[PDB]
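Below are two forms of the same protein chain, given as structure tokens: structure 1, then structure 2.
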Structure 1
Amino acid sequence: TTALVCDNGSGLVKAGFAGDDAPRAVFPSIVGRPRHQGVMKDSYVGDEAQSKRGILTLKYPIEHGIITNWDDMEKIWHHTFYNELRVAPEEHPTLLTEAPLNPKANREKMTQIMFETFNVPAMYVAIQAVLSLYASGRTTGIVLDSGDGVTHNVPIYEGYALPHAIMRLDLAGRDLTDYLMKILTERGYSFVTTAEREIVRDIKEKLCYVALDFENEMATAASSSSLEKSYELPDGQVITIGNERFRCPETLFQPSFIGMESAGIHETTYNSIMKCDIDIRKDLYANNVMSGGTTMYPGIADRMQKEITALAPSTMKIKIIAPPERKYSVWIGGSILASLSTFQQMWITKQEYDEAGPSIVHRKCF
């Protein structure tokens, strides 16, 4: 009996089979329906909704990690089981993930749908950051999770997230793509359409990096061509990318670049640690673990180590852990968790759900 792991994000669904080192299916968390359906019942999910976007209204059922459109979330889950993983959900225990401050009612609804619409034999809901931390081989540390829609700091002590100390930055991967489009248009190129967004996304993921000292790099890029990289557009046209390589992800450290007054990710990290008890801060500073697609920039751990060092006590041991496989560490932590012997008894079974109802899900220990 193979368990399933589904990590539902704001931008991407990551789904697959417990025991694997990577999600088998990764696709856009988008549902499309024909314009004016409901005021006048077809629907499309992920790459297909995107490819058929022309007369569909496209929606993201999860916003900042939290499910907000239930009907469309059902379509995402259905598609995930039957089209992407090609499984009968009633044959498999299914681990799902949730965002840092997911309301109880939300968790209960997810639970009801899994058992009553999908008929899963068993399920579990884990905190995304705790899974990432587990994947890094720890039960204590502070997770920076930067995805497509939202960025969170989640301090965890001996297995337990500290909810009072969670910090949020309302910017992540999709904002960085849009800003790369903006500033790259400003050079003289034109990146504005949805096809051009796809290209820009590929540039972001291939050529961007976090500057160790931002002002030294701006100067270098202005002095020399040494920081410049070639890039071939789908049509064979080669173009050149300079300081926008590192200005784009600089937004995480300086959200003012997209007109936001929020604290950059180094500040959210510090702030989150400072909300925690002095007795555990040393442990958190030494176990700063980065996760999510938007932590993937070369140079980001180096830059964070520099910033945290500036904010923290002079003698604090600081360490930033950025695992190569951090892009899907939330999913991989789930894969690990759902595969080990000790967790077998942690699943919530259909019989338990039948006797207790959905609030059974809250009594949870991973």
Structure 2
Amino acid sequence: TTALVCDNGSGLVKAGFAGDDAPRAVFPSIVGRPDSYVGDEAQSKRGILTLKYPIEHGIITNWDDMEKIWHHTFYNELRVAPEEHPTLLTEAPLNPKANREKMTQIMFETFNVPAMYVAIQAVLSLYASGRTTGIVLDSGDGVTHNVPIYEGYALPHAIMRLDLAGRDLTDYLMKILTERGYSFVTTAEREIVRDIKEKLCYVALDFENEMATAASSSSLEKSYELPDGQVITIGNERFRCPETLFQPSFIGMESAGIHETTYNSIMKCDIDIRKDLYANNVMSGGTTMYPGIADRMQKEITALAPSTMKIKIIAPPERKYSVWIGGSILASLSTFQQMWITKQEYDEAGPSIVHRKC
């Protein structure tokens, strides 16, 4: 009778039970072949295996391997019979109709779920923020989106997408680190540089002032001990890596930074709701965990918004898991119980039924 919440990301799957304050399972969204290995075990044995990510930039692209992940999730991680639980899944903003249908079809036909629903990730994070109106900046491992939401529902005409998220920030850190110049090739050293990124990187409040500080002192420098025992130092790489979110030209992207996509998203919305979007800017996803990013957004958004506008950036400490938390809350609501697509409903309509109800 308990509902399941599965939040599938490009890099990590977050899964659990509705009503819980946290997912029971969080693991890499990967499948490895030399049988098959999924998640953590596939990560452990990366030397022997060739890995594949079934979700790219938030869109499920390898359905065969996506089935392995859902299977592993239900049977190994959550240890449930999917046919006994309503299941809530998540999807990226502007997820193709065909994609939501194929998801639906698989849940009912392969997993035989009694009921299901597919919710938009960013909407779910807003709900975890205690709100139904606001604009969410969701940045994970594969994609970044700005999603303005009004009274519970996303405004799709106004959603912005930026193909630049955590994996790109890891690659850039790897690049600039090698310019320094250390050596980080393997999938091993990839985890290593992802770890450095997550423990030592931060976002400068003023980029040019921070560089000058880095150039006139070794005070911003921090050491990092590698598995083998080697020790490395990074100074300005700490803030240059995430600066890329504000300045996509750092990795050769011709795109507005996250401060501007936020602005552009608000400007595609009705004038009368902008005040509320500016006062309710919620940060979501792992790539929004950089210290100083909330303050930098506040500064950048202030510079762009009308002079008198109240700007507020909400950056919940649990934001690596906001999407999941939002689904856990939504799926447990009495008011949502009629929104589930039931197997009888599917049995009559077909996968297309997902557009009507989700």
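Residue indices: 1-based, along structure 1. We call the rigid core whatever largest set of C-alpha positions still superposes within 1.5 Å between the two forms.
Looking at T151, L176, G65, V130, the entry at the hinge of the rigid-part motion between structures 1 and 2 is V130, while the rest lie more than 12 positions from any hinge. Relative to the larger rigid part, the smaller part rotates 9 degrees between structures 1 and 2, based on C-alpha fits. The shift recorded for the CA atom of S224 between structures 1 and 2 is 0.6 Å, with superposition on the rigid core. After superposition on the rigid core, the Cα atom of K59 is displaced by 2.3 Å between structures 1 and 2.
The shift recorded for the CA atom of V26 between structures 1 and 2 is 1.3 Å, with superposition on the rigid core.
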